[PDB]
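Participant: Residue numbers (the deposited numbering): 1 to 101.
Don't be surprised by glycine CBs; every beta carbon is placed ideally from N, CA and C.
Following this message is one structure expressed as structure tokens.
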Amino acid sequence: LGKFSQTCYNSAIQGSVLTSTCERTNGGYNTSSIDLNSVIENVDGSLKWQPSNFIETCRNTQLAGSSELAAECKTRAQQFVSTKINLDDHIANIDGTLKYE
Numbered sequence: 001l002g003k004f005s006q007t008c009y010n011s012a013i014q015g016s017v018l019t020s021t022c023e024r025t026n027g028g029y030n031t032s033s034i035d036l037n038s039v040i041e042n043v044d045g046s047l048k049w050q051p052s053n054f055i056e057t058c059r060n061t062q063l064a065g066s067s068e069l070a071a072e073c074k075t076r077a078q079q080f081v082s083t084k085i086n087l088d089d090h091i092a093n094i095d096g097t098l099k100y101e
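As structure tokens, this is what we get:
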């Protein structure tokens with residue numbers, strides 16, 4: 001499941017939008033973007049795979065490593081702590097286009 005990083009490169013993240021160049025099944029490269037906001041939630045300090053507008057309570061979203069997304073999110077105590085999530089869990093590349101599965 002996911003692992004889009006095996007056939008995609010030059011991945012970048014700005015705010016909640018993931019943008020990356022992926023290879024097509026029939027050869028050739030395709031570029032696309034998808035809003036992860038509809039699939040990431042903030043649970044008492046940690047980002048989880050569920051819709052809830054996480055960026056509304058999180059800031060400094062940035063790309064970490066090859067497939068990890070690092071950000072800071074508010075805990076119930078109203079404090080920003082370091083949080084992270086593996087994009088490889090559900091973000092896959094189907095025909096050069098990214099699709100959550």
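Looking at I34 and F54, is the spacing between their C-beta atoms short of 9 Å?
Facilitator: Going by C-beta atoms, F54 is not nearer than 9 Å to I34.
Participant: Find out if the Cβ-Cβ distance for the pair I85, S52 is shorter than 9 Å.
Facilitator: The answer is no: Cβ separation not under 9 Å.
Participant: Which class does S11 belong to by DSSP, given the choice of helix, strand or coil?
Facilitator: Three-state result, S11: strand.
Participant: Which same chain residues end up closer than 6 Å to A64 when comparing Cβ atoms and leaving out the 5 residues on each side of it in sequence?
Facilitator: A70.
Participant: Verify whether the separation of the beta carbon atoms of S5 and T97 is less than 9 Å.
Facilitator: No, Cβ-Cβ distance for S5 and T97 is not below 9 Å.
Participant: Specify, as a first and last residue, the run of the beta strand (DSSP E) that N93 falls within.
Facilitator: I91 to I94 is the extent of the beta strand (DSSP E) around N93.
Participant: Can you list, in chain order, the residues of its chain with a C-beta nearer than 7 Å to that of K99? Leave out the 5 residues immediately preceding and following it.
Facilitator: Around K99: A92.
Participant: Could you please give me the residues that DSSP links to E72 through a beta bridge?
Facilitator: For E72, which the question treats as bridged, DSSP gives the partners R59 and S82.
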